[PDB]
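Enquirer: Build me a structure from this.
(2 chains, ligands or ions: 4)
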Amino acid sequence: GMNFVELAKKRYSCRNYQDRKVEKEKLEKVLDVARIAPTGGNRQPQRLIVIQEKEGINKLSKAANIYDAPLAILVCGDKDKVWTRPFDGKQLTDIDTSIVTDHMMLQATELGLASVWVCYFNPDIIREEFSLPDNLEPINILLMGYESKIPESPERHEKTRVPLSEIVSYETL
Amino acid sequence: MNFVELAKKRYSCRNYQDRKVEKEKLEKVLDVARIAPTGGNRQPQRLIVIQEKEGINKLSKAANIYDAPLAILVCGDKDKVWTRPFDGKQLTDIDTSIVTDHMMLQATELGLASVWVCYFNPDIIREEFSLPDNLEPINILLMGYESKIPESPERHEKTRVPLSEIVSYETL
Ligand SMILES: Cc1cc2nc3c(=O)[nH]c(=O)nc-3n(C[C@H](O)[C@H](O)[C@H](O)COP(=O)(O)O)c2cc1C
Ligand SMILES: Cc1cc2nc3c(=O)[nH]c(=O)nc-3n(C[C@H](O)[C@H](O)[C@H](O)COP(=O)(O)O)c2cc1C
Ligand SMILES: [Cl-]
Ligand SMILES: [Cl-]
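Expert: Numbering: from 1, shown residues only, chains lettered A, B, ... in the order given. Ligands and ions are numbered 1, 2, ... in the order given. Find the structure here:
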């Protein structure tokens, strides 16, 4: 099988999805790592809504373009559970849920699933449509399915990323 | 080894050997910070690799870093990151956390123990590393070699709530 960098390179953003549904067996594997993931203080504030049926897909579609993906997971963070930093009041809500989302997205990739991470949504429409209580904030939508065209190349990053030297320095800025 | 095995075997290490992290392994860890996606491909992450005395001592002023031999301070650039117009929410924590997660998983594959740290004094970090106002320190990822036997990959039955408490289908 592939090593981690090969997996990380293979993953790309898919916006062209087949009709084909995600097999229950693959969805369950994707979910398992949402639990295995670490969270600040082990607080486990992540709250997931698995969406693969028509009403929910339509509800998400009121808030975002989900590109006819056959499966979406709405990842919320529970601010009643999350750790809060004493110095400045910063809450780990986005961090914890993103670790969870990233773990899912990598696991989905291993299983041959295409995906795209979606933050371009109207959070108010999501709150209303899914009747979210005040303590749950919708953070990420992860879409998954089967690519309908040609996957992006695992060696594209020379063209799609800035050089490493532009994001890393040593000891000081 | 498959992905779930890698994610299971990762745990939070709080006691490290003196052994330094080899350059070859650090470079592989950094490689995935670039590979990782960010919202809009904005690539706002700004990393400071800390493996020398002064920098390790600066971190220790701000946080408990468990005498780790290597730290990466992961900042987000507010001048690059997307700000969502609807509500003003910035992707700073999201984009940086994808990067940091990729790094932590890569470190684990290479036999490096690690711990993610957010319990740090951000004003101390800002001052000590002379961060400009556009750079927000988000995560400190610590790495090295574990001093004792790692935590079990099969521990999650005890160290996590049931999947049923975090997942529902279609509706809450
Ligand atoms: C936090 C985050 C939010 C994103 N939001 C969206 C989104 O709302 N819609 C979309 O089509 N793609 C979205 N993207 C996908 C990015 O455009 C993509 O990751 C980036 O351009 C790099 O492309 P690649 O993933 O194919 O390497 C998002 C990605 C990230 C990491
Ligand atoms: C966002 C985040 C911030 C964390 N901050 C700290 C920290 O400041 N200090 C620390 O000792 N552990 C920190 N942890 C480690 C967690 O306590 C740990 O991941 C959790 O208790 C689960 O244990 P495990 O990682 O061994 O499975 C952090 C973890 C995450 C994900
Ligand atoms: Cl985007
Ligand atoms: Cl032991």
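Enquirer: The strand ranked longest in chain A pairs with which strands?
Expert: The single longest strand within chain A, with elements called by DSSP state E, is strand A:136-145. Paired neighbours of strand A:136-145 in the sheet (DSSP bridges): strand A:71-78 (antiparallel), strand A:114-118 (antiparallel).
Enquirer: Turn the ones you listed into TSV, columns for distance to ligand 1 and mean neighbour count.
Expert: (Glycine included, C-beta is placed from N, CA and C.) Putting these into TSV (distance: least, Cβ to the nearest ligand atom, whole Å; neighbours: other Cβ atoms under 10 Å in any protein chain shown) gives the following:
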stretch	distance to ligand 1	mean neighbour count
strand A:71-78	11	24
strand A:114-118	4	23
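Enquirer: Determine if any part of the longest strand of chain A is in contact with ligand 2.
Expert: No: using Cβ under 6 Å from any ligand atom, we find that strand A:136-145 stays clear of ligand 2, coming within 13.3 Å at best.
Enquirer: ok, now stretch A:88-99?
Expert: Yes: in terms of Cβ under 6 Å from any ligand atom, part of stretch A:88-99 sits within range of ligand 2, namely A:92, A:95, A:96, A:99.
Enquirer: Which helix or strand lies directly C-terminal to the longest strand of chain A?
Expert: Counting by DSSP states H and E, the next helix or strand C-terminal to strand A:136-145 is helix A:157-160.
Enquirer: which parts of whichever helix or strand comes after that next one are buried?
Expert: Later in the chain than helix A:157-160, the nearest helix or strand by DSSP H and E is strand A:168-170. Residues residue A:168 are the ones in strand A:168-170 that count as buried (16 or more other Cβ atoms under 10 Å in any protein chain shown).
Enquirer: Pull up the pairing partners for strand A:168-170, direction included.
Expert: Note on strand A:168-170: by DSSP bridges, its sheet partners are strand B:45-50 (parallel).
Enquirer: List the contacts of the strand it pairs with.
Expert: Strand B:45-50 is touched from outside by A:167-173, B:26, B:30, B:33, B:36, B:38, B:55-56, B:58-59, B:70-77, B:95-96, B:99, B:129, B:135, with contacts defined as Cβ atoms under 8 Å, 6 or more residues apart in numbering or on different chains.
Enquirer: Try it again at 6 Å.
Expert: With contacts defined as Cβ atoms under 6 Å, 6 or more residues apart in numbering or on different chains, strand B:45-50 is touched by A:167-170, B:71-75, B:77, B:96, B:99, B:135.
Enquirer: How far does it sit from its chain's centre?
Expert: Offset of strand B:45-50 from its chain centre (Cα atoms, centre = their mean, to the nearest Å): 11 Å.
Enquirer: Chain A against ligand 2: which residues are in contact?
Expert: A:38, A:39, A:40, A:41, A:42, A:92, A:95, A:96, A:99.
Enquirer: Separate out the buried members of these.
Expert: Listed as buried from the residues of chain A next to ligand 2 are A:38, A:39, A:40, A:92, A:95, A:96, A:99; burial here means 16+ other Cβ under 10 Å.
Enquirer: Please report the distance of the fourth one from ligand 1.
Expert: Going back to what we said before, that points to residue A:92. 16 Å (Cβ to the nearest ligand atom, to the nearest Å).
Enquirer: Please report phi then psi for that residue.
Expert: Phi and psi for residue A:92, reported as degrees, to the nearest 10, are phi -80, psi 20.
Enquirer: ok, back up a step: need the strands paired with strand A:136-145 in CSV (columns: distance to ligand 4).
Expert: Below are these laid out as CSV (distance: least, Cβ to the ion, whole Å):
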stretch, distance to ligand 4
strand A:71-78, 34
strand A:114-118, 38
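Enquirer: Just give the number of residues close to residue A:19.
Expert: The burial count assigned to residue A:19 is 9, neighbours taken as other Cβ atoms under 10 Å in any protein chain shown.
Enquirer: Okay, and the beta partners of residue A:47?
Expert: Here residue A:47 sits in beta bridges with residue A:76, going by DSSP bridges.
Enquirer: can you count the residues close to it?
Expert: 25.
Enquirer: can you check the one 10 residues further on too?
Expert: Other residues near residue A:57 come to 17 when the count uses other Cβ under 10 Å.
Enquirer: for residue A:149, same thing?
Expert: Close neighbours of residue A:149, defined as other Cβ under 10 Å, add up to 11.
Enquirer: Kindly report the same for residue A:17.
Expert: Burial of residue A:17 is recorded as 22 neighbouring residues (other Cβ under 10 Å).
Enquirer: same check, this time on the one 5 residues further on
Expert: Residue A:22 sits with 19 neighbouring residues when counted by other Cβ under 10 Å.
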